[PDB]
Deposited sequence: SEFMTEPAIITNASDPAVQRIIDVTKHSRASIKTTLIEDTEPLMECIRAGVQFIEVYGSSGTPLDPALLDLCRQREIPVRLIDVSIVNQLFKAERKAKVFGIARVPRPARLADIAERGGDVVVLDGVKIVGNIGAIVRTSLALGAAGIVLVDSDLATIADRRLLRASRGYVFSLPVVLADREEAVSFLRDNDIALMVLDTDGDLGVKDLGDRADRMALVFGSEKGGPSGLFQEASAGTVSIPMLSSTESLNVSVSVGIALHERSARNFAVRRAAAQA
């Protein structure tokens, strides 16, 4: 067949390194959009790969050109034996910490017992896009943020803002020590979500799963409960939906913070 020589056709050795991370400080980031977000967010890549015989998205190739990022093709046969059509080996950034959230400016999203990774990924994307400072994950059952399930669920946004694993008291003492008032989302609370933007200062918003709602320590530190009005008092929304609604209400406050940081 005289296949193009640049195409990886065997099964060692950059393959071996890809296999190596596929089953265990690096990770695989898959698909065009997630790759470009990770690159934009400053994630360091070792190499980006496509399957032979299909044109790699021109903008990604362009972007890999702009950064010093090697691109190479692997025979479709082999990529189709691993596992998408395009992926990269990346170094996992140094885990973000609480302080990062405080310094970045803007509201803090705290998830309390949210464990469903698709929910956590969606909340990551929303928090990024709506201008939140960062996310604190309490009781998520995640070992790290680089979990490939979360990578895929976040569409590669998990390194675009500080996403931090913490235990409950660590988190509440953190907010206390930084003078960040928290409010808890729950049914018939004191404040309508529509009034969330009134508050000029940054705040933390705490969302529980509804496999139990918010937990005790947070309740006790709370400066109030916030409710999203629903048809009946007995209804509920998926937690990711509640995050989007609450953050949309705070969007004016956070966009102003983000606007200002972009100019510093």
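- Numbering the deposited sequence from 1, one finds several regions with no C-alpha coordinates, namely 1 to 4, 29 to 32, 92 to 96.
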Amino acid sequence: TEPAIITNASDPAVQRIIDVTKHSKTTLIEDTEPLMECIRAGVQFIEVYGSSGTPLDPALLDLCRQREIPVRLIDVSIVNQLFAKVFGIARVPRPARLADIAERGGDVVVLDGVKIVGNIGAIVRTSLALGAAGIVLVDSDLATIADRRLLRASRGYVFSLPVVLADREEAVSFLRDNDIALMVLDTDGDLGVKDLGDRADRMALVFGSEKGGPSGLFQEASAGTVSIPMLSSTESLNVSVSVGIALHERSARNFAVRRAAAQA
From here on, numbers count along this sequence of modelled residues.
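- For the pair 73 to 81 and 136 to 144, the mean B factor over Cα atoms is greater in 73 to 81.
- For the pair 108 to 116 and 84 to 92, the record assigns the higher mean C-alpha temperature factor to 84 to 92.
- Between the residues 172, 129, 158, 122, the entry's highest C-alpha temperature factor is the one at 172.
- Take 246, 256, 9, 18 and read off each C-alpha B-factor from the entry; 9 has the highest.
- Residue-level temperature factors show residue 176 in the middle third of its chain, judged at the C-alpha atom.
- In the PDB entry, residue 241 places in the lowest third of its chain by CA B-factor.
- Split the chain's modelled residues into thirds by C-alpha temperature factor. Residue 231 is in the middle one.
- Per the PDB record, residue ranking by Cα B-factor puts residue 35 in the lowest third of the chain.
- Per-chain ranking of the deposited C-alpha B factor places residue 192 in the middle third.
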